[PDB]
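As structure tokens, the structure follows; a few thoughts come after it.
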Amino acid sequence: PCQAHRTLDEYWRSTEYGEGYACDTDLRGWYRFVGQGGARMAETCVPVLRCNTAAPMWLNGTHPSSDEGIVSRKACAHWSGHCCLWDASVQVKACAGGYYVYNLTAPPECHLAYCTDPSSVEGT
Amino acid sequence: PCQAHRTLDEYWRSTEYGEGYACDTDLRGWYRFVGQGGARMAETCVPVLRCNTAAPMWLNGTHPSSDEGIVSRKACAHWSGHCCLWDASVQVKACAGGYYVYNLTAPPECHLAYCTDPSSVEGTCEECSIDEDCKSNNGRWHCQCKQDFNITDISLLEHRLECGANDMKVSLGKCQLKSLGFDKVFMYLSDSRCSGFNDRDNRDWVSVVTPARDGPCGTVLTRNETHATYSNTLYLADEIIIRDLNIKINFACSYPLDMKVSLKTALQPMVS
Amino acid sequence: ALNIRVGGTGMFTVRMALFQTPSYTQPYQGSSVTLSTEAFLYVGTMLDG
Ligand SMILES: *[C@@H]1O[C@H](CO)[C@@H](O[C@@H]2O[C@H](CO)[C@@H](O[C@@H]3O[C@H](CO)[C@@H](O)[C@H](O[C@H]4O[C@H](CO)[C@@H](O)[C@H](O)[C@@H]4O)[C@@H]3O)[C@H](O)[C@H]2NC(C)=O)[C@H](O)[C@H]1NC(C)=O
Ligand SMILES: *[C@@H]1O[C@H](CO)[C@@H](O[C@@H]2O[C@H](CO)[C@@H](O)[C@H](O)[C@H]2NC(C)=O)[C@H](O)[C@H]1NC(C)=O
Ligand SMILES: *[C@@H]1O[C@H](CO)[C@@H](O[C@@H]2O[C@H](CO)[C@@H](O)[C@H](O)[C@H]2NC(C)=O)[C@H](O)[C@H]1NC(C)=O
Ligand SMILES: *[C@@H]1O[C@H](CO)[C@@H](O)[C@H](O)[C@H]1NC(C)=O
Ligand SMILES: *[C@@H]1O[C@H](CO)[C@@H](O)[C@H](O)[C@H]1NC(C)=O
């Protein structure tokens with residue numbers, strides 16, 4: 001979990017990026033988002049065609065606070081104008097420090113990738 | 001003969017059994033010895049009081065090889081300390097595969113019976129490849145290849161060269177080389193550390209793998225404006241030294257420089 | 001000394017990978033990929049020759 005995870009450093013993943021076609025059909029396991037893209041991922045359905053993706057996703061609901069344990073959330077997929085038109089299963093868990101982990105599972109179809117908002121790198 | 005015979009699955013005929021009384025006079029016909037007693041009948045006069053009989057018997061001479069036909073032997077009987085004191089008529093015939101058939105007759109009087117040695121049950125013929133006949137010499141099975149494989153000169157030698165992307169390799173079916181007169185070959189590149197080795201894909205082959213690089217085995221790369229060739233030299237001899245008939249295989253295969261790619265995934269645009 | 005001359009002709013291996021992402025990390029295992037005109041494409045050609 002908080003010690004068994006794979007670091008992801010990608011500046012293109014941000015919601016600010018124009019568009020691409022990434023679909024993370026191979027991302028297996030727990031991941032710690034880092035870089036200018038952001039440590040936490042997008043909390044709201046970002047407008048379509050962003051994050052180097054035709055249809056990026058977002059975690060619906062809030063990030064768990066500290067000492068929350070295993071938290072089950074369902075990643076929503078904004079596409080064709082219907083936010084959360086497709087759904088995935090994620091398990092976000094709090095970690096010691098200003099970072100989190102996620103159980104990122106393969107989307108049912110391609111052109112579905114995750115984002116990272118700038119989040120709270122300021123919040124120290 | 002090889003197809004019209006009876007078997008005897010009896011472990012007591014081996015030359016290790018202690019002692020007994022049973023004697024063979026009802027044995028009539030051709031028999032195939034099978035079991036833990038043995039597959040072949042004895043070659044030397046076993047000491048007395050073995051094989052479940054007071055006076056065990058043996059076959060004098062040797063078991064015939066493959067492809068001989070009908071062979072007549074005079075089975076001897078060891079008794080009273082004098083090997084081959086009584087005699088009987090036997091007819092041994094080899095067969096396709098690892099077994100023999102014997103014309104087993106009744107000895108003149110009781111207290112005479114046949115034995116079986118452990119023989120060559122460890123020795124097998126499946127180790128011979130499909131193009132290797134199940135031949136034998138003096139009772140020992142060997143892999144004689146197709147007799148049709150008979151090439152006199154060396155110009156007609158078969159060379160299986162495929163020029164793989166990473167490396168080139170020259171293969172030689174070992175049947176043609178064994179017919180050529182080299183019981184064992186020595187494939188020596190520009191550097192002898194590149195000695196060849198055996199491999200089997202559809203038949204027996206011995207091959208040299210030379211990496212497609214400049215220098216790794218003294219490989220000489222020569223590239224012109226169009227293609228690039230790797231030129232080296234191979235050396236063959238039946239022994240470590242050479243005294244006549246020098247063999248030099250100067251093979252060289254060349255790769256292209258202008259060459260194409262297309263994507264394997266269809267792409268579809270959509271625009272407002 | 002008798003010299004035999006033979007040879008061959010071999011082809012190098014060269015491919016493409018439809019890299020889902022910029023900076024060219026992960027190729028594409030599909031057979032039909034559907035994008036909009038505004039999206040960028042991230043490809044290349046690789047050489048195992
Ligand atoms: C630069 O170097 C390259 C590579 O060495 C060279 O290409 C070679 O061109 C020559 C000249 O034509 C070819 O020579 C061969 O010679 C004999 C007959 O003379 C045959 O082996 C070849 O003909 C065969 O062609 C086909 C091959 O399967 C078959 O139809 C059939 O087997 C024919 O017999 C051929 O004429 C030589 O093969 C090529 N090398 C290759 C193809 O790898 C090129 O010409 C050089 N350029 C220069 C010097 O400007
Ligand atoms: C995230 O957490 C789940 C729950 O521990 C991990 O295991 C999955 O558990 C569910 C529920 O039993 C099974 O149906 C899945 O098959 C399990 N997945 C695997 C791969 O075994 C899950 O692996 C975690 N995901 C990531 C991406 O780390
Ligand atoms: C073994 O082979 C012989 C010869 O093929 C078979 O026939 C014997 O042949 C001799 C020589 O002509 C005759 O004198 C014998 O009378 C024949 N024997 C018999 C039993 O008829 C012989 O039968 C074969 N033996 C066995 C045990 O199969
Ligand atoms: C995800 O959360 C959002 C925001 O609260 C909500 O609109 C949506 O219905 C949720 N999805 C599911 C499957 O409950
Ligand atoms: C049987 O073979 C042995 C071994 O060579 C030989 O000494 C003996 O004389 C042979 N028997 C006859 C009858 O010739």
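Read-outs throughout are calculated quantities, based only on the coordinates presented, and are distinct from any laboratory measurement. Here Cβ is always computed from backbone atoms with ideal geometry, including for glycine, and neighbour counts include all displayed protein chains.
Observations, loosely collected:
- Test: residue in the stretch A:100-109 that is closer than 25 Å to residue C:38 by Cβ and either within 13 Å of the chain's Cα centre (by Cα) or within 16 Å of ligand 5 (Cβ to nearest atom) (or both): yes
- Among the residues of the stretch C:15-28, those identified as surrounded by 12 or more Cβ atoms within 10 Å (Cβ to Cβ) and more than 8 Å from chain B (Cβ to nearest Cβ) are C:17, C:19, C:20, C:21, C:22, C:24, C:25, C:26, C:27.
- Here residue B:265 clears all of (1) without any contact (Cβ under 8 Å) to a residue 40 or more places away in the chain; (2) among the hydroxyl-bearing types (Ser, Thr, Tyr); (3) within 8 Å of another protein chain (Cβ to nearest Cβ); (4) within 24 Å of residue B:166 (Cα to Cα) except the condition numbered (4).
- Verdict on residue B:115 being touching a residue at least 24 places away in the same chain (Cβ under 8 Å) and within 27 Å of residue B:28 (Cβ to Cβ): yes
- Criterion (of a type in the set (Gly, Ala, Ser) and touching a helix residue (DSSP H, G or I) at 6+ places or on another chain (Cβ under 6 Å)) met by exactly one of A:37, A:69: A:37
- The stretch A:1-30: number of residues that are surrounded by fewer than 17 Cβ atoms within 10 Å (Cβ to Cβ) and assigned to a helix (DSSP H, G or I): 1
- Test for residue B:142: is it in contact with a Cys (Cβ under 9 Å, 6 or more places away or on another chain) and either away from ligand 5 (no atom under 16 Å from the Cβ) or free of Cβ contacts under 8 Å to residues at least 40 places away in the same chain (or both): yes
- Qualifying residue in the stretch B:257-269 (condition: crowded, with 19+ Cβ neighbours inside 10 Å and more than 16 Å from ligand 2 (Cβ to nearest atom)): no
- So residue B:106, is it part of a loop (DSSP other than H, G, I, E, B) and within 16 Å of ligand 1 (Cβ to nearest atom): no
- Residue count, the stretch C:36-49 (criterion: outside any loop (DSSP other than H, G, I, E, B), facing chain B (nearest Cβ under 7 Å) and surrounded by 13 or more Cβ atoms within 10 Å (Cβ to Cβ)): 1
- Count - residues of the stretch B:158-173 that are closer than 15 Å to residue B:247 by Cβ and more than 7 Å from chain C (Cβ to nearest Cβ): 3
- Residue B:271 vs. criteria in contact with a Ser or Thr (Cβ under 6 Å, 6 or more places away or on another chain), without any contact (Cβ under 8 Å) to a residue 40 or more places away in the chain, more than 8 Å from chain C (Cβ to nearest Cβ) and farther than 21 Å from residue B:155 by Cβ: no
- Residue within the stretch B:215-229 that is assigned to a loop (DSSP other than H, G, I, E, B), in contact (Cβ under 8 Å) with a residue 40 or more places away in the chain and more than 9 Å from every other protein chain (Cβ to nearest Cβ) present: no
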